[PDB]
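Two forms of a single protein chain come next, each set out by itself as structure tokens; they are called structure 1 and structure 2.
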Structure 1
């Protein structure tokens, strides 16, 4: 296929997960363009996802530039996935053409599902259905609760600073904070993490004390950092919070399948 010259600006796709990565059973395919896409159908038609074993899936647009593809249920462990974004020279609407093709391979690892149950204040990690860790946890206080729902594991940090001023509450104020945190596994774009919380170890398993993050012991947070990977699942249940938004960025599985497949 040849490129067509156009006075309108080209757009380049970017695919996640990373080429050659092993990811968990919750990882969606993500195709993010550096422009808004006027002809979403043309973009979807140009994206060929092949799986082994073969499984059906569907596209859903997270916003005007980024489309997600996933099956109805979590991936089968061991599945190999090929993503062919064949957008080179494709008219994506209003004179905007794909700048290039992109392709990636990724594979699905073990099924890793960690369930945080507010009724028990325990985060239980299951690997292919078997409990391997039972972690006392302290979730968000009643006034700043942890949302229920299915969270996809994202990035991880050996050390990071959590600072209330980044959302508009000064550190110096009564409810502000600036906190050095170890072993932080991100599970929502809204900023929810599983992380080390030495200051709440006595509350873990008993009382919710956090701003919404899942506090666990230093040892358990490091285990989680070492053994839980991008695309693994954290499910929160029975809190007094609401539900994680489906368009959070890592909240894809909270959209019911009929709404996901209906697309947008």
Structure 2
């Protein structure tokens, strides 16, 4: 260990996901987010060593100037072990900004869990290692506020959460504002798409889209989803009238074509 002198106004710390020792789904990218913008992305990439077992080819792609992602071309093979060494201590990351410390994470890939929300049937079907285990009626985004098609990575889950218009700039007492209690909410996009309990749309679920974009399901089915899906599992939306989820959403990584992802956006 060689010591590096430092200043609190020229240091940046990396933060790695997923957590050390976690079991995650086949869609989980390695994520390294810095608490500062990174001027020299190539220097950050050269300081990060990702190794996998069984070994698979992967590559870095930056979602923005703060966070880089690493993933293979296809979903992970279940049982894969992944080691992440972020060896940024003392590294010159550009513009007088230096890496504050090293971080090391290890994680493993669990079962393959892919839930397909098909707008033609209004059914969300969960497959585990290829086998259907659950079929849930759903109501997705109305035509004016559709659910985007594409591959979504499961993120955080909440027993209870408040959806509040103030966060998008719309006061609660506006014609378009809302303050909504939601149970059993599984996040699948940073943009705000959740699978969640929607008692108010149970008659439409399986029939017609009435949501602002979220995947409405019954209270019991939402609780089931909360219990059985984990960070890194996949939700694929198909056949809606929306476009495609943006690749740099935060959970939209798999919608970027591999040739573009692998080419990267550092150098």
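Residues that one form lacks are left out of the comparison. Positions refer to the first chain, counted from 1. Rigid core (definition): largest C-alpha set, two forms, superposition within 1.5 Å.
No residue in 127, 122, 169, 84 other than 169 shows a CA shift of 2 angstroms or more between structures 1 and 2 after fitting the rigid core. Core-aligned CA deviation for residue 259 between structures 1 and 2: less than 2 Å. The shift recorded for the CA atom of residue 187 between structures 1 and 2 is 0.3 Å, with superposition on the rigid core.
In this core superposition, residue 6 moves its Cα by 7.0 Å between structures 1 and 2. Here residue 96 exhibits a Cα shift of 1.9 Å between structures 1 and 2, evaluated on the superposed rigid core. Taking a Cα shift of 2 Å or more after superposition on the rigid core as the cut-off, the stretches of three or more consecutive residues that move between structures 1 and 2 are 4-8, 163-166, 168-178.
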